[PDB]
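Beneath this line is the structure, given in structure tokens, with notes to follow.
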Amino acid sequence: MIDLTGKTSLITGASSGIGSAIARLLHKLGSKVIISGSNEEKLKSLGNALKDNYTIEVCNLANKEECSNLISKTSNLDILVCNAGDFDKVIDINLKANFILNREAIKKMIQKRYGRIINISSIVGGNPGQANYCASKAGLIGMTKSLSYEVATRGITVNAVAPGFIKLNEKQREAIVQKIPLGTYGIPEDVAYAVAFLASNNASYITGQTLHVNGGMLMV
Amino acid sequence: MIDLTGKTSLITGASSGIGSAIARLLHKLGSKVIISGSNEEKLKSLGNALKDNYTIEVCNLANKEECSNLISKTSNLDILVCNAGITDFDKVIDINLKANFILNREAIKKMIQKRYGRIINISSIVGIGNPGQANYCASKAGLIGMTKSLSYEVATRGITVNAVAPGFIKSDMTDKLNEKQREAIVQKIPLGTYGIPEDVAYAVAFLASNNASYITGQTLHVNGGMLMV
Amino acid sequence: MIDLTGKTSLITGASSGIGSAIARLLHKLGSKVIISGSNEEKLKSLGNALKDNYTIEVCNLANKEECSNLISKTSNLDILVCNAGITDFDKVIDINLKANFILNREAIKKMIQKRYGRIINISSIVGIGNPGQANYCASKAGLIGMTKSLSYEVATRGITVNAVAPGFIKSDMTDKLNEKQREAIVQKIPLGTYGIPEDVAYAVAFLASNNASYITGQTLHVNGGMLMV
Amino acid sequence: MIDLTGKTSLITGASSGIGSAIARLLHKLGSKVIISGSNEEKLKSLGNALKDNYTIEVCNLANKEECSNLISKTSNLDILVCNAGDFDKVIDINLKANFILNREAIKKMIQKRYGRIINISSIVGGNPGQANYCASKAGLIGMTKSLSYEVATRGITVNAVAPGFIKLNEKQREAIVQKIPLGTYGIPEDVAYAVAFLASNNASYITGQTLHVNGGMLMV
């Protein structure tokens, strides 16, 4: 069903366990992958596992010009995956960086009348969690819907994946897992799976949606 | 990725555009498909096109004993897809919501034993639109509420319960509309274009997969951005 | 601010804790109150406490002709408050959703002429919780969907349609629960405390006001933060 | 029903038409009002209309220390009303300023185990509108829910009012009003009314909610 052959995807925060699960899956589905992030050493070990059809981009999203530059550095771009990511610090990383990445990617994707943007919110935390992470996640979803409407006639979809708890002392766990009906934490591959679907041609009529991958913890 | 080899899926409403698209896709992905519905000739043609790995089940949702009989008479049911019986308030509530609750309850009866299942409820297509007649709107919201509550309650027993909510899906060569009507609907849709049945089918397949395991009680909107949840 | 002088309000379920709290508040604010329900003695006591500006309407929601008869038999109806008949899937769907649709349709019949109305649908209280049994969950989601669709359709004709969704409301001297049960429910509620009927009544009064004119098709959750929409 | 006698409320952006409608209403309901904002001249003309039981605080929210200072300057505070308010500019004004105001107000309100915080999102724009306003509005609501959960046992409620279109060429209007079932724009008094309710004792069991005052334009 899901074939990403011929596509080029860019994954930010590609050395996190979610970032890397996404990178492997999209690569395994035939996408050429641009794995981006600040830890060159970890990106390279990801790269080694990928073997070919990837490129590393050592990048600090915290810097606005570097977000802006990251996308230009790329010629083909069909799929952008923005991983997460002081109130100000979380907002600037989880929301302002992502705006730039999304906007710049849109400018590129408009030229082809094709593209996929998937914004991934950080892992809970934390029912609604700390104000900063909760504000930035919501903000990112509001951002996603808004850009979705804006690029809709031009063949670009913009969607969000909201992971719940992805893999403490036995007290802290009890606490969380009790908020997850399924009764367990998710794994990075659970998020990767949702992302690959939204990044594919089989989700061409899905835009502005947030897809929660959370074990029933939040039902929307 | 979405390999349904050795699985059995039951699709109600299998003769509608969405229904038959779901039937073919789930079959293409390796699943036996119990293709169910009221028009038998329509259902035989689909069957004929499917060729193998199906069973027809002529069936009338309206009959409450016949919904309950539908699920108990299938043996290994891994995946249930309830299509909407929808284009009287009581009537549409009865087919789109009550009917679907027997199907859902009866499927969980079978699935809880096997500790594995997928239930996927599909709301009725948006009409000529988005809030709709009260009765369709009620049943649809209702379906989605039902889907959350069943999701919660089987969530520890390896069954996911999810819904798909299509927008304006074009199933037919002609939609029966004139240009003004058409423009009026297409103005509701950011993508500036209709859904087709395969759009909904792809979403259903995604949820039906083994890898959709951590995804439950969600509504996947396939609607060209006309409604963002 | 919320002056209901010269208005008439009909409250179904007027003998429940929430119902009678709504009845007293809307009366206190100057509205005649058509206090309706099935237990007459309960309803007479409330009436006795109300003293003036009410009418009792013994009535059985279950009867579809009796819901329709309820609204047509009241003359100047400005405000309708439908309380939930809720503590069979079919049954709860029939009282909490179908019943409420006749009431709502029949009220809009009267209100559209006067080009002014308030309709306020109240979902059933959360049970011992939040997603609930499927049947209550379905009807509640369903009610809220109905409320949006009717809201849209009378929105140009000076009628607002809104819902109130309470959480755990304590109405009775004792709740029937033991401490473990109580702690389990109170753990669901950020405020760490129960709703009381007046909480829901205040929300209803807010929506019923002349100044709630631009507010329609909303669900006002009065639930101590247990669910945030 | 709604009596604010004995209370002190602080309204930011108090010289906007929404801000001032809120200030008058809360004052008319018996609240002492602290009317805050950057336009001293306009605040003073608001002040004159109020006549007594108010105080002006000339304040630029754009400055973080000034947000932090605004609340300390106040001894009694039962009710805070945060009016809205470069991607970065809108986020910083409509979301970062509000965080500080909310957090500082919470520190004060914890001491009394009482308080009301109402965050008001900017007027549409714009179905979801520009990405910056849509992101900041969503962010503010996510922020509101998160702080709601955090202060809930301490007698403070935190809620959001989301106005729709509040009072172009005849083309632009046609466009908007078509998105509003009611078929008309709202007035500032419509927002003021919602705020007074949430700010009162009659909304003591309502927290973490967003209340949309929009003519049915968005139903939630």
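A note on labels: chains of the structure tokens are A, B, ... as shown, every chain counts residues from 1, and ligands are counted from 1 in their shown order.
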Give me the residues of chain C that have any atom at most 9 Å from an atom of chain B; for each, the nearest atom pair and the distance in Å, rounded to one decimal. Use only C-alpha atoms, sort by chain and number, and format it as a tab-separated table.
```
residue	atom	partner	partner_atom	distance
C:89	CA	B:98	CA	7.6
C:90	CA	B:98	CA	6.8
C:93	CA	B:98	CA	8.4
C:94	CA	B:90	CA	8.5
C:97	CA	B:138	CA	8.2
C:98	CA	B:90	CA	6.8
C:101	CA	B:89	CA	8.1
C:131	CA	B:149	CA	5.3
C:132	CA	B:149	CA	6.1
C:133	CA	B:149	CA	6.4
C:134	CA	B:146	CA	5.0
C:135	CA	B:146	CA	7.0
C:136	CA	B:146	CA	8.6
C:137	CA	B:145	CA	5.5
C:138	CA	B:142	CA	4.4
C:139	CA	B:142	CA	6.0
C:140	CA	B:142	CA	7.4
C:141	CA	B:142	CA	5.1
C:142	CA	B:142	CA	4.0
C:143	CA	B:138	CA	6.4
C:144	CA	B:138	CA	7.5
C:145	CA	B:138	CA	4.7
C:146	CA	B:138	CA	4.7
C:147	CA	B:134	CA	7.9
C:148	CA	B:131	CA	6.9
C:149	CA	B:134	CA	5.0
C:150	CA	B:134	CA	6.2
C:152	CA	B:131	CA	7.5
C:153	CA	B:133	CA	8.8
```
DSSP strand (DSSP E) residues within region 31-216 of chain A, as a PyMOL selection string: chain A and resi 32-37+54-58+79-82+115-120+156-163+210-213
Store the residues picked out above in a file with N, CA and C atoms, as a CSV table (one decimal), in the first residue's frame.
```csv
chain,number,residue,atom,x,y,z
A,32,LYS,N,14.3,8.6,-0.3
A,32,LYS,CA,15.6,9.1,0.0
A,32,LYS,C,15.4,9.9,1.2
A,33,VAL,N,16.3,9.9,2.2
A,33,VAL,CA,16.0,10.6,3.5
A,33,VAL,C,17.1,11.6,3.8
A,34,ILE,N,16.7,12.8,4.3
A,34,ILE,CA,17.7,13.8,4.7
A,34,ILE,C,17.5,13.8,6.2
A,35,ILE,N,18.5,13.3,6.9
A,35,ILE,CA,18.4,13.2,8.3
A,35,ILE,C,19.1,14.3,8.9
A,36,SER,N,18.4,15.1,9.7
A,36,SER,CA,18.9,16.4,10.1
A,36,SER,C,18.9,16.4,11.6
A,37,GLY,N,19.8,17.2,12.2
A,37,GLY,CA,19.8,17.3,13.7
A,37,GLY,C,21.2,17.8,14.1
A,54,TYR,N,20.6,8.5,1.6
A,54,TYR,CA,20.4,9.5,2.7
A,54,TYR,C,21.4,10.5,2.6
A,55,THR,N,21.2,11.6,3.4
A,55,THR,CA,22.1,12.6,3.5
A,55,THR,C,22.0,13.2,4.9
A,56,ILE,N,23.1,13.5,5.5
A,56,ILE,CA,23.1,14.1,6.9
A,56,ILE,C,23.2,15.7,6.8
A,57,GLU,N,22.4,16.3,7.6
A,57,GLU,CA,22.5,17.8,7.7
A,57,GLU,C,22.5,18.1,9.1
A,58,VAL,N,23.7,18.6,9.5
A,58,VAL,CA,24.0,18.9,10.9
A,58,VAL,C,23.5,20.3,11.1
A,79,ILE,N,8.6,15.5,1.3
A,79,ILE,CA,8.1,15.2,2.6
A,79,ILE,C,9.0,15.9,3.6
A,80,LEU,N,8.4,16.7,4.4
A,80,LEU,CA,9.0,17.2,5.6
A,80,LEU,C,8.4,16.7,6.9
A,81,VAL,N,9.3,16.2,7.8
A,81,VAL,CA,8.9,15.7,9.1
A,81,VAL,C,9.6,16.5,10.1
A,82,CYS,N,8.9,17.3,10.9
A,82,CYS,CA,9.4,18.1,11.9
A,82,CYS,C,9.1,17.4,13.3
A,115,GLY,N,3.4,17.9,-2.0
A,115,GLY,CA,4.2,17.9,-0.8
A,115,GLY,C,3.4,17.4,0.4
A,116,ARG,N,4.1,17.0,1.4
A,116,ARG,CA,3.6,16.5,2.7
A,116,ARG,C,4.5,17.1,3.8
A,117,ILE,N,3.8,17.7,4.7
A,117,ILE,CA,4.4,18.2,5.9
A,117,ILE,C,3.7,17.6,7.1
A,118,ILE,N,4.5,16.9,7.9
A,118,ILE,CA,4.0,16.3,9.2
A,118,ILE,C,4.8,16.9,10.3
A,119,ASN,N,4.0,17.6,11.2
A,119,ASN,CA,4.6,18.1,12.4
A,119,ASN,C,4.3,17.2,13.6
A,120,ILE,N,5.3,16.9,14.4
A,120,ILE,CA,5.2,16.0,15.5
A,120,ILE,C,5.4,16.7,16.8
A,156,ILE,N,-0.4,20.2,-1.5
A,156,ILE,CA,0.4,20.0,-0.3
A,156,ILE,C,-0.6,19.6,0.8
A,157,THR,N,-0.3,18.6,1.6
A,157,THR,CA,-1.1,18.4,2.8
A,157,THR,C,-0.2,18.7,4.0
A,158,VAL,N,-0.8,19.3,5.1
A,158,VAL,CA,-0.1,19.6,6.3
A,158,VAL,C,-0.8,19.0,7.5
A,159,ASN,N,-0.2,18.0,8.1
A,159,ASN,CA,-0.8,17.3,9.2
A,159,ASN,C,0.1,17.1,10.4
A,160,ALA,N,-0.5,16.7,11.6
A,160,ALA,CA,0.3,16.6,12.8
A,160,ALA,C,0.2,15.2,13.4
A,161,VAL,N,1.2,14.7,13.9
A,161,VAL,CA,1.1,13.5,14.7
A,161,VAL,C,1.4,13.8,16.2
A,162,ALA,N,0.5,13.4,17.0
A,162,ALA,CA,0.6,13.6,18.5
A,162,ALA,C,0.8,12.4,19.2
A,163,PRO,N,2.1,12.0,19.4
A,163,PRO,CA,2.3,10.9,20.2
A,163,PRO,C,1.9,11.1,21.7
A,210,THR,N,-4.8,16.1,13.1
A,210,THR,CA,-3.8,15.7,14.0
A,210,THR,C,-4.2,14.2,14.2
A,211,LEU,N,-3.2,13.4,14.3
A,211,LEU,CA,-3.4,12.0,14.5
A,211,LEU,C,-2.7,11.6,15.8
A,212,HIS,N,-3.5,11.1,16.7
A,212,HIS,CA,-3.0,10.9,18.1
A,212,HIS,C,-2.6,9.5,18.1
A,213,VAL,N,-1.4,9.2,18.6
A,213,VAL,CA,-0.9,7.9,18.7
A,213,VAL,C,-0.6,7.6,20.1
```
With 12 Å as the limit and counting only C-alpha atoms, what residues in chain A lie close to chain C? Please list them as a PDB file with C-alpha atoms, in the first residue's frame.
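Listing of part-v8.pdb after writing:
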```
ATOM      1  CA  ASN A 127      -2.296  14.949  31.166  1.00  0.00           C
ATOM      2  CA  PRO A 128      -1.998  18.439  29.583  1.00  0.00           C
ATOM      3  CA  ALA A 175       0.849   7.196  37.436  1.00  0.00           C
ATOM      4  CA  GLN A 178      -3.096   4.499  34.522  1.00  0.00           C
ATOM      5  CA  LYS A 179      -3.870   7.469  32.150  1.00  0.00           C
ATOM      6  CA  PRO A 181      -6.339   2.699  28.565  1.00  0.00           C
ATOM      7  CA  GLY A 216      -6.535   5.806  23.786  1.00  0.00           C
ATOM      8  CA  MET A 217      -5.165   8.291  26.284  1.00  0.00           C
ATOM      9  CA  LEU A 218      -6.761  11.168  24.339  1.00  0.00           C
ATOM     10  CA  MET A 219      -9.584  10.280  21.899  1.00  0.00           C
ATOM     11  CA  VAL A 220      -9.824  12.792  19.007  1.00  0.00           C
TER      12      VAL A 220
END
```
Could you tell me which residues of chain A sit within 8 Å of chain D when counting only C-alpha atoms, and give me the result as a ChimeraX atom specification? /A:87-88,96,99,128-132,134-147,149
Mind writing the picked residues with C-alpha atoms as a compact mmCIF listing (two decimals), in the first residue's frame?
```txt
# COMPACT_ATOMS: atom_id res chain seq x y z
CA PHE A 87 8.61 29.01 28.55
CA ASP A 88 10.43 30.92 25.78
CA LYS A 96 9.02 29.00 16.05
CA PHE A 99 7.05 27.62 11.50
CA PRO A 128 -2.00 18.44 29.58
CA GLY A 129 1.62 18.58 31.00
CA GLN A 130 3.72 21.67 31.75
CA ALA A 131 2.23 24.92 30.39
CA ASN A 132 5.16 25.39 27.98
CA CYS A 134 1.13 22.03 26.29
CA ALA A 135 1.09 25.58 24.80
CA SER A 136 3.68 24.68 22.16
CA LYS A 137 1.92 21.41 21.14
CA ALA A 138 -1.45 23.13 20.80
CA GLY A 139 0.21 26.01 19.00
CA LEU A 140 1.83 23.55 16.58
CA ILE A 141 -1.54 21.96 15.84
CA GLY A 142 -3.15 25.37 15.33
CA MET A 143 -0.24 26.21 13.11
CA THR A 144 -0.73 22.92 11.19
CA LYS A 145 -4.45 23.56 10.48
CA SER A 146 -3.75 27.10 9.38
CA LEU A 147 -0.99 26.17 6.92
CA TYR A 149 -5.92 25.53 4.60
```
Nearest to residue 27 (chain C) by atom-to-atom distance, counting only C-alpha atoms, from C:127, C:192, C:197, C:6: C:6
Residues within 12 Å of region 108-118 of chain C, only C-alpha atoms, excluding chain neighbours under 5 positions, as a PDB file with C-alpha atoms, in the first residue's frame:
```pdb
ATOM      1  CA  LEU C   4     -35.928  36.657  32.260  1.00  0.00           C
ATOM      2  CA  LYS C   7     -40.218  35.010  29.516  1.00  0.00           C
ATOM      3  CA  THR C   8     -41.463  31.461  29.630  1.00  0.00           C
ATOM      4  CA  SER C   9     -39.124  28.545  30.102  1.00  0.00           C
ATOM      5  CA  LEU C  10     -39.964  24.870  29.882  1.00  0.00           C
ATOM      6  CA  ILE C  11     -37.785  22.487  31.891  1.00  0.00           C
ATOM      7  CA  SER C  68     -44.676  16.502  20.682  1.00  0.00           C
ATOM      8  CA  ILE C  71     -44.378  21.709  23.383  1.00  0.00           C
ATOM      9  CA  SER C  72     -47.478  22.398  21.232  1.00  0.00           C
ATOM     10  CA  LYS C  73     -49.533  22.665  24.496  1.00  0.00           C
ATOM     11  CA  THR C  74     -47.372  25.552  25.892  1.00  0.00           C
ATOM     12  CA  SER C  75     -48.191  28.985  24.455  1.00  0.00           C
ATOM     13  CA  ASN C  76     -45.325  31.466  24.674  1.00  0.00           C
ATOM     14  CA  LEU C  77     -42.172  29.389  24.951  1.00  0.00           C
ATOM     15  CA  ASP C  78     -38.966  31.466  24.868  1.00  0.00           C
ATOM     16  CA  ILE C  79     -36.558  28.976  26.483  1.00  0.00           C
ATOM     17  CA  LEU C  80     -36.453  25.167  26.399  1.00  0.00           C
ATOM     18  CA  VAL C  81     -34.218  23.194  28.730  1.00  0.00           C
ATOM     19  CA  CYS C  82     -34.081  19.475  27.992  1.00  0.00           C
ATOM     20  CA  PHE C 101     -35.099  15.860  19.069  1.00  0.00           C
ATOM     21  CA  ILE C 102     -38.911  16.078  19.095  1.00  0.00           C
ATOM     22  CA  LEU C 103     -38.683  18.658  21.893  1.00  0.00           C
ATOM     23  CA  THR C 147     -27.244  20.777  19.043  1.00  0.00           C
ATOM     24  CA  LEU C 150     -30.002  22.742  14.904  1.00  0.00           C
ATOM     25  CA  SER C 151     -27.833  25.646  15.936  1.00  0.00           C
ATOM     26  CA  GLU C 153     -30.142  25.928  10.928  1.00  0.00           C
ATOM     27  CA  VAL C 154     -31.912  28.478  13.151  1.00  0.00           C
ATOM     28  CA  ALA C 155     -28.931  30.738  13.530  1.00  0.00           C
ATOM     29  CA  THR C 156     -30.393  33.478  11.283  1.00  0.00           C
ATOM     30  CA  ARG C 157     -33.761  33.328  13.043  1.00  0.00           C
ATOM     31  CA  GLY C 158     -32.828  34.610  16.555  1.00  0.00           C
ATOM     32  CA  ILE C 159     -32.819  31.189  18.217  1.00  0.00           C
ATOM     33  CA  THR C 160     -29.617  29.907  19.890  1.00  0.00           C
ATOM     34  CA  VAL C 161     -29.141  26.172  20.449  1.00  0.00           C
ATOM     35  CA  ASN C 162     -26.520  25.234  22.984  1.00  0.00           C
ATOM     36  CA  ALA C 163     -25.700  22.336  25.257  1.00  0.00           C
ATOM     37  CA  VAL C 204     -28.139  27.242  31.792  1.00  0.00           C
ATOM     38  CA  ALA C 205     -29.181  30.741  32.960  1.00  0.00           C
ATOM     39  CA  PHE C 206     -26.100  32.203  31.313  1.00  0.00           C
ATOM     40  CA  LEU C 207     -27.039  30.668  27.984  1.00  0.00           C
ATOM     41  CA  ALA C 208     -30.733  31.451  28.389  1.00  0.00           C
ATOM     42  CA  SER C 209     -30.049  35.194  28.751  1.00  0.00           C
ATOM     43  CA  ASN C 210     -30.793  37.855  26.159  1.00  0.00           C
ATOM     44  CA  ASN C 211     -27.098  38.673  26.281  1.00  0.00           C
ATOM     45  CA  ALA C 212     -26.102  35.089  25.204  1.00  0.00           C
ATOM     46  CA  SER C 213     -27.335  36.075  21.766  1.00  0.00           C
ATOM     47  CA  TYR C 214     -24.106  35.575  19.802  1.00  0.00           C
ATOM     48  CA  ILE C 215     -23.405  32.237  21.482  1.00  0.00           C
ATOM     49  CA  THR C 216     -24.741  29.272  19.657  1.00  0.00           C
ATOM     50  CA  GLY C 217     -24.029  25.623  19.018  1.00  0.00           C
TER      51      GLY C 217
END
```
For residue 172 (chain C), which residue among C:38, C:18, C:225, C:3 is the nearest when counting only C-alpha atoms? C:18
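Counting from CA of residue 25 (chain D), the distance to CA of residue 192 (chain D) is 6.5 Å.
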Based on the backbone DSSP call, show me all residues of region 4-136 of chain D assigned helix (DSSP H, G or I), as a short mmCIF file (atom, residue, chain, number, x, y, z; two decimals) with N, CA and C atoms, in the first residue's frame.
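Saved to result.cif:
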```
data_model
loop_
_atom_site.label_atom_id
_atom_site.label_comp_id
_atom_site.auth_asym_id
_atom_site.auth_seq_id
_atom_site.Cartn_x
_atom_site.Cartn_y
_atom_site.Cartn_z
N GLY D 17 -11.69 47.85 22.11
CA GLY D 17 -13.13 47.85 22.30
C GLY D 17 -13.62 46.67 23.11
N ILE D 18 -12.94 45.53 22.98
CA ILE D 18 -13.22 44.36 23.81
C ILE D 18 -12.74 44.57 25.22
N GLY D 19 -11.48 44.97 25.37
CA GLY D 19 -10.93 45.31 26.67
C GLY D 19 -11.82 46.28 27.43
N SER D 20 -12.25 47.37 26.78
CA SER D 20 -13.03 48.37 27.48
C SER D 20 -14.47 47.91 27.76
N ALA D 21 -15.03 47.06 26.93
CA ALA D 21 -16.34 46.57 27.19
C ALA D 21 -16.27 45.65 28.40
N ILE D 22 -15.21 44.85 28.48
CA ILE D 22 -15.01 44.01 29.63
C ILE D 22 -14.86 44.91 30.87
N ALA D 23 -14.00 45.93 30.80
CA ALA D 23 -13.73 46.77 31.99
C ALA D 23 -15.01 47.40 32.50
N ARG D 24 -15.83 47.93 31.62
CA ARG D 24 -17.07 48.55 32.06
C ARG D 24 -18.03 47.55 32.69
N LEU D 25 -18.10 46.36 32.12
CA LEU D 25 -19.06 45.41 32.58
C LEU D 25 -18.66 44.92 33.96
N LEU D 26 -17.39 44.53 34.14
CA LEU D 26 -16.93 44.05 35.42
C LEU D 26 -17.06 45.16 36.45
N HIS D 27 -16.87 46.41 36.04
CA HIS D 27 -16.99 47.52 36.97
C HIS D 27 -18.46 47.72 37.34
N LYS D 28 -19.30 47.69 36.34
CA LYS D 28 -20.73 47.79 36.56
C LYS D 28 -21.27 46.67 37.44
N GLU D 40 -1.96 55.51 27.55
CA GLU D 40 -2.38 56.23 28.73
C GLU D 40 -3.59 57.11 28.43
N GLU D 41 -3.53 57.85 27.33
CA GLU D 41 -4.59 58.78 26.96
C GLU D 41 -5.95 58.09 26.84
N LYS D 42 -5.99 56.95 26.16
CA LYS D 42 -7.21 56.16 26.00
C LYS D 42 -7.65 55.50 27.28
N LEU D 43 -6.70 55.01 28.07
CA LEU D 43 -7.03 54.46 29.37
C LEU D 43 -7.71 55.51 30.24
N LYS D 44 -7.23 56.76 30.16
CA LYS D 44 -7.74 57.82 31.02
C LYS D 44 -9.18 58.17 30.62
N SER D 45 -9.47 58.14 29.32
CA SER D 45 -10.81 58.42 28.87
C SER D 45 -11.75 57.26 29.27
N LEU D 46 -11.26 56.02 29.25
CA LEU D 46 -11.95 54.90 29.89
C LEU D 46 -12.18 55.13 31.37
N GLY D 47 -11.10 55.49 32.07
CA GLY D 47 -11.18 55.88 33.45
C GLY D 47 -12.25 56.90 33.76
N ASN D 48 -12.32 57.97 32.98
CA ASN D 48 -13.34 59.00 33.17
C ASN D 48 -14.75 58.45 33.12
N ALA D 49 -15.02 57.58 32.14
CA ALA D 49 -16.29 56.88 32.02
C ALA D 49 -16.56 55.99 33.23
N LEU D 50 -15.53 55.37 33.79
CA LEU D 50 -15.70 54.53 34.96
C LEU D 50 -15.98 55.35 36.21
N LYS D 64 8.90 41.70 28.84
CA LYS D 64 8.66 40.62 29.82
C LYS D 64 8.67 41.10 31.28
N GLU D 65 9.62 41.94 31.65
CA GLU D 65 9.70 42.44 33.03
C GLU D 65 8.48 43.28 33.40
N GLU D 66 7.92 43.95 32.40
CA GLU D 66 6.77 44.80 32.62
C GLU D 66 5.51 43.97 32.86
N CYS D 67 5.36 42.83 32.16
CA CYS D 67 4.32 41.84 32.51
C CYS D 67 4.50 41.36 33.93
N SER D 68 5.73 41.01 34.27
CA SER D 68 6.02 40.48 35.59
C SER D 68 5.73 41.52 36.67
N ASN D 69 6.04 42.77 36.36
CA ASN D 69 5.85 43.86 37.29
C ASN D 69 4.39 44.26 37.46
N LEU D 70 3.61 44.15 36.37
CA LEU D 70 2.23 44.61 36.34
C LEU D 70 1.45 44.00 37.49
N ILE D 71 1.58 42.68 37.67
CA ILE D 71 0.82 41.94 38.70
C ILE D 71 1.23 42.30 40.14
N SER D 72 2.54 42.35 40.43
CA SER D 72 3.07 42.78 41.76
C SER D 72 2.52 44.13 42.21
N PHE D 87 5.99 36.15 12.70
CA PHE D 87 5.52 35.07 13.52
C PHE D 87 5.90 35.35 14.97
N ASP D 88 7.18 35.64 15.21
CA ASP D 88 7.72 35.85 16.55
C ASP D 88 7.01 36.93 17.35
N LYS D 89 6.57 37.97 16.67
CA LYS D 89 5.95 39.07 17.35
C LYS D 89 4.58 38.68 17.92
N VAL D 90 3.77 38.00 17.12
CA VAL D 90 2.43 37.61 17.53
C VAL D 90 2.51 36.57 18.67
N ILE D 91 3.42 35.63 18.52
CA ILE D 91 3.62 34.61 19.53
C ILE D 91 4.07 35.28 20.81
N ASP D 92 5.02 36.20 20.72
CA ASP D 92 5.55 36.86 21.93
C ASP D 92 4.49 37.72 22.59
N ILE D 93 3.64 38.37 21.82
CA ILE D 93 2.61 39.23 22.43
C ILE D 93 1.41 38.42 22.90
N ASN D 94 0.85 37.62 22.00
CA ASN D 94 -0.35 36.86 22.28
C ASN D 94 -0.16 35.61 23.16
N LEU D 95 1.08 35.17 23.37
CA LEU D 95 1.29 33.93 24.11
C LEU D 95 2.34 34.06 25.20
N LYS D 96 3.52 34.58 24.91
CA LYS D 96 4.54 34.69 25.98
C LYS D 96 4.20 35.71 27.09
N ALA D 97 3.64 36.85 26.69
CA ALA D 97 3.17 37.88 27.62
C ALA D 97 2.11 37.25 28.55
N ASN D 98 1.18 36.57 27.94
CA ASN D 98 0.11 35.97 28.67
C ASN D 98 0.53 34.89 29.67
N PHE D 99 1.48 34.03 29.30
CA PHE D 99 2.11 33.12 30.24
C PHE D 99 2.56 33.86 31.51
N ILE D 100 3.29 34.95 31.35
CA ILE D 100 3.86 35.66 32.49
C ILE D 100 2.76 36.22 33.34
N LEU D 101 1.80 36.87 32.70
CA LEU D 101 0.69 37.43 33.41
C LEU D 101 -0.02 36.36 34.19
N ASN D 102 -0.26 35.20 33.56
CA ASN D 102 -1.03 34.09 34.19
C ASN D 102 -0.24 33.51 35.38
N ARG D 103 1.02 33.19 35.13
CA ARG D 103 1.91 32.62 36.14
C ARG D 103 2.02 33.56 37.35
N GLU D 104 2.27 34.83 37.10
CA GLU D 104 2.39 35.79 38.19
C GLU D 104 1.07 35.94 38.94
N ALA D 105 -0.05 35.90 38.23
CA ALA D 105 -1.32 36.07 38.87
C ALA D 105 -1.60 34.84 39.75
N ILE D 106 -1.24 33.66 39.24
CA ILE D 106 -1.40 32.40 39.98
C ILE D 106 -0.65 32.42 41.32
N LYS D 107 0.59 32.89 41.29
CA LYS D 107 1.37 33.04 42.51
C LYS D 107 0.62 33.90 43.52
N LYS D 108 -0.02 34.96 43.07
CA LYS D 108 -0.81 35.78 43.99
C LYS D 108 -2.09 35.07 44.43
N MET D 109 -2.81 34.48 43.50
CA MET D 109 -4.07 33.83 43.79
C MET D 109 -3.98 32.56 44.63
N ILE D 110 -2.85 31.86 44.56
CA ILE D 110 -2.60 30.70 45.43
C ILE D 110 -2.71 31.09 46.91
N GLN D 111 -2.24 32.29 47.26
CA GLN D 111 -2.18 32.72 48.65
C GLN D 111 -3.57 32.86 49.22
N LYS D 112 -4.55 33.24 48.39
CA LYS D 112 -5.94 33.35 48.83
C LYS D 112 -6.80 32.09 48.57
N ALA D 131 -1.15 31.84 10.04
CA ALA D 131 -0.47 30.84 10.86
C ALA D 131 -0.08 31.39 12.24
N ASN D 132 0.36 32.65 12.28
CA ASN D 132 0.84 33.22 13.55
C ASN D 132 -0.27 33.45 14.58
N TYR D 133 -1.39 34.02 14.14
CA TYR D 133 -2.54 34.20 15.01
C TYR D 133 -3.25 32.88 15.39
N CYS D 134 -3.37 31.99 14.42
CA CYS D 134 -3.92 30.67 14.67
C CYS D 134 -3.04 29.86 15.64
N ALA D 135 -1.72 29.82 15.41
CA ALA D 135 -0.79 29.20 16.36
C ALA D 135 -0.87 29.82 17.76
N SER D 136 -0.94 31.14 17.85
CA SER D 136 -0.89 31.77 19.16
C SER D 136 -2.20 31.54 19.93
#
```
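Taking only C-alpha atoms into account, residue 201 (chain C) lies nearest to C:28 out of the set C:64, C:176, C:28, C:44.
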Interatomic distance between CA of residue 166 (chain D) and CA of residue 229 (chain C)? 22.0 Å
